[PDB]
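Quick setup: one chain, the form deposited in one PDB entry, written in structure tokens, and binding and motion questions come after.
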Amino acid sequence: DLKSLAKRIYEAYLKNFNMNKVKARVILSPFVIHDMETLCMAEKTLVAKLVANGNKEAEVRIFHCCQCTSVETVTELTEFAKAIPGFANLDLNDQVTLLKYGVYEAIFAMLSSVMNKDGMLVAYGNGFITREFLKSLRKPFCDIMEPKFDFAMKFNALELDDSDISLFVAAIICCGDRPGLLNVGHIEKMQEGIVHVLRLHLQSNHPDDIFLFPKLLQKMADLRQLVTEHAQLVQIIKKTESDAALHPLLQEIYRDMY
């Protein structure tokens, strides 16, 4: 039954997220954004509306686009969470709390799938923006980027596939030590359930790496630290960048988190 469970999670994953490792890799076998010219060209083609005006600084335009993808991923993650044994049985408040603290950890984890040493797949697989171009953005915007690449390079070295990743994201969501949780016991039990299936799955799908499970547990901790830091930088931008407004949904997510 745990094998079937793992499968269920994997199918929900393939079904709820527009992007996955296999699709990303086939594509990376896209318009390349490597400088300001290609950036502006990409915007006119892929998000025309955003530039059909008289327009904010390039850095802010990108920032807004990043927010847009996050809001979308929140929706995908919310639907995905229903395939986790016990999630849909939780109090609505706890479901909200679990998604609130888990979304960004999930987001940066899955982001690794479309990232390689030189850049990342963007805009529903229609673009590829270079890591170096992102580093060339003026501070503090160029500082949003790099930390995610650093994490992705190490995460991708674990050579996980979507069946692995789906369970990992599920595990990220089922976190009992999240602030405000009403029924921690039931949540801990749900968590124990997913980690158990994740442990067994890694064991059979990765017989060559006997430390994969421990490594991933560590990655979950890394992601949590990665997120608090990302939140800090977002906060800095919000306060110091007058033209860089934050989408209401994301403000609520960042509200009282870190």
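We call the rigid core whatever largest set of C-alpha positions still superposes within 1.5 Å between the two forms. Quick note: we count residues from 1 along the sequence shown, nothing fancier.
Taking the rigid core as the alignment reference, the C-alpha atoms of 39-47 lie farther on average from the displayed form in 9 other deposited structures of this protein than those of the other stretch among 39-47 and 66-74.
Two stretches, 102-110 and 82-90, are weighed by how far their CA atoms sit from the shown form in 9 other deposited structures of this protein after rigid core superposition; the farther one is 82-90. Judged by the one-third criterion across other entries of this protein, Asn53, though modelled here, is missing from at least a third of those that model both its neighbours. Per the record, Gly54 and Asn55 are separated by a gap of 1 to 3 residues from the deposited sequence that were not modelled. The segment from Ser29 to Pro30 is interrupted, since 4 to 9 residues of the deposited sequence in that interval carry no coordinates. When the two stretches 179-187 and 155-163 are set side by side, the higher mean Cα temperature factor goes to 179-187. Here 141-149 and 90-98 are compared by their mean Cα B-factor, and 90-98 comes out higher. When the modelled residues of the chain are ordered by their C-alpha B factor, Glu192 lands in the highest third.
In the deposited entry, the Cα temperature factor of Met36 sits in the middle third of values across the chain's modelled residues.
Residue-level temperature factors show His64 in the middle third of its chain, judged at the C-alpha atom. Ranked by C-alpha B-factor against the other modelled residues of its chain, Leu50 falls in the highest third. Annotation for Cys174: CA B-factor lies in the highest third of the chain's modelled residues.
This next part talks about the form solved in complex with a partner chain, which is not shown.
Proximity of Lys100 to its partner chain in the entry with it bound falls within the 4.5 Å heavy atom cutoff.
The closest heavy atom approach of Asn89 to its partner chain in the entry with it bound falls outside 4.5 Å. Though the partner is left out of this view, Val74 does reach within 4.5 Å of its partner chain in the entry with it bound, counting heavy atoms only.
Looking at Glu79, you'd find a heavy atom of it within 4.5 angstroms of its partner chain in the entry with it bound. Checked against its partner chain in the entry with it bound, the candidates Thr130, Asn156, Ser163, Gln95 yield a single residue with a heavy atom inside 4.5 Å, and that residue is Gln95.
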